[PDB]
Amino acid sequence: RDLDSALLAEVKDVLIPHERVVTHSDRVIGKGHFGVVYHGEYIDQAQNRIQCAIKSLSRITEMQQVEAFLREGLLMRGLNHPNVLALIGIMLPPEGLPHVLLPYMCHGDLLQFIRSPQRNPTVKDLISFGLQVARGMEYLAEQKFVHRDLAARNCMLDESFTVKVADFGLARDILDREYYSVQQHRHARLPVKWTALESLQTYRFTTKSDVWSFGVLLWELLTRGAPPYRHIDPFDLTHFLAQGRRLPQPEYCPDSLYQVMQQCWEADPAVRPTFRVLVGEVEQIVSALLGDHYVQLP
């Protein structure tokens, strides 16, 4: 189960040798759809030791998929934006699965931030976070990356509460259909309810299906973390959306933003706006707000 020397050379700029990395397998941060995240440490190029997070991927086993992942890793390694979480690199233990090294984000994820009873976010605070997500997504789209798993939980917060979009480059067209399937009814996975109607049908994802996901993300923000479509069996979800029903306008969501959400969820992907346009629209909404309300927990 070893890589071709040629591959190893091709993807050298993203591989970190296992002997430059410690995974604290007893310091588990949490487990998700696509692997387990641990505290860890690696040695940089200056020979300094850096604390980080390390995610061992559970769904990448076949060698063709491992190779595909590393080549995609090499692309991601070159991504650089304030609102996008850096990929430090990838590590292959001699026998075992690909590990992704990520900057440790000390303030956790947006979903937990907004759900914290110890905080009192305003509407304007919440839309401002949304704008930061839009900016990260605009950059990813420009770089020809489709997230496939965009949601408030995958927007991380650093020491200065800068939002970093994370966990792109993991889910794939077709291969990961299990996480997007509705045939398990109330055993279906979280991503179903963030996924564009057409992608529920085909397991093919585009930037326009990410735009749909972003609409649901905005709805999360302005409900401070309500579960989308709480009372709908996922089995009925495609039918609900095909009738043209959508998430309802949150109590303190301005009409201008609800309109953007509605654009994001147009049934025709071509009609949905680009992230570039969303950035502009959301920026305009922020600047044109009148007054400000606290927002309650759901």
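Throughout, we count residues from 1 along the sequence that is shown.
Undergrad: On average, are the C-alpha B-factors higher in 204 to 212 or in 155 to 163?
TA: On average, C-alpha B-factors are higher across 155 to 163.
Undergrad: Select between 91 to 99 and 106 to 114 the stretch whose C-alpha atoms have the higher average B-factor in the entry.
TA: For C-alpha atoms only, the mean B-factor is higher in 91 to 99.
Undergrad: In this PDB entry, which of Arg172, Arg135, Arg189, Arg71 has the top CA B-factor?
TA: Each of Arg172, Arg135, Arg189, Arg71 was compared by C-alpha B-factor; the highest is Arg189.
Undergrad: Among the choices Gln262, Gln249, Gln243, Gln47, identify the one whose CA B-factor in the record is greatest.
TA: So the option with the highest C-alpha B-factor is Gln47.
Undergrad: Among the chain's modelled residues, which third holds the C-alpha B-factor of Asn83?
TA: Its C-alpha B-factor, which the entry lists for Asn83, ranks in the lowest third among residues of this chain.
Undergrad: Within this chain's modelled residues, let me know which third the CA B factor of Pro234 belongs to: lowest, middle or highest.
TA: As the PDB entry reports it, the C-alpha B-factor of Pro234 lands in the highest third of its chain.
Undergrad: Among the modelled residues of this chain, does the Cα B factor of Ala53 put it in the lowest, middle or highest third?
TA: It falls in the middle third of the chain.
Undergrad: Place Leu257 in the lowest, middle or highest third of its chain's C-alpha B-factors, as listed in the PDB entry.
TA: Ranked within chain, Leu257 CA B lands in the middle tercile.
Undergrad: Of the three thirds of its chain by CA temperature factor, lowest, middle or highest, which one includes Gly32?
TA: Ranked within chain, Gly32 CA B lands in the highest tercile.
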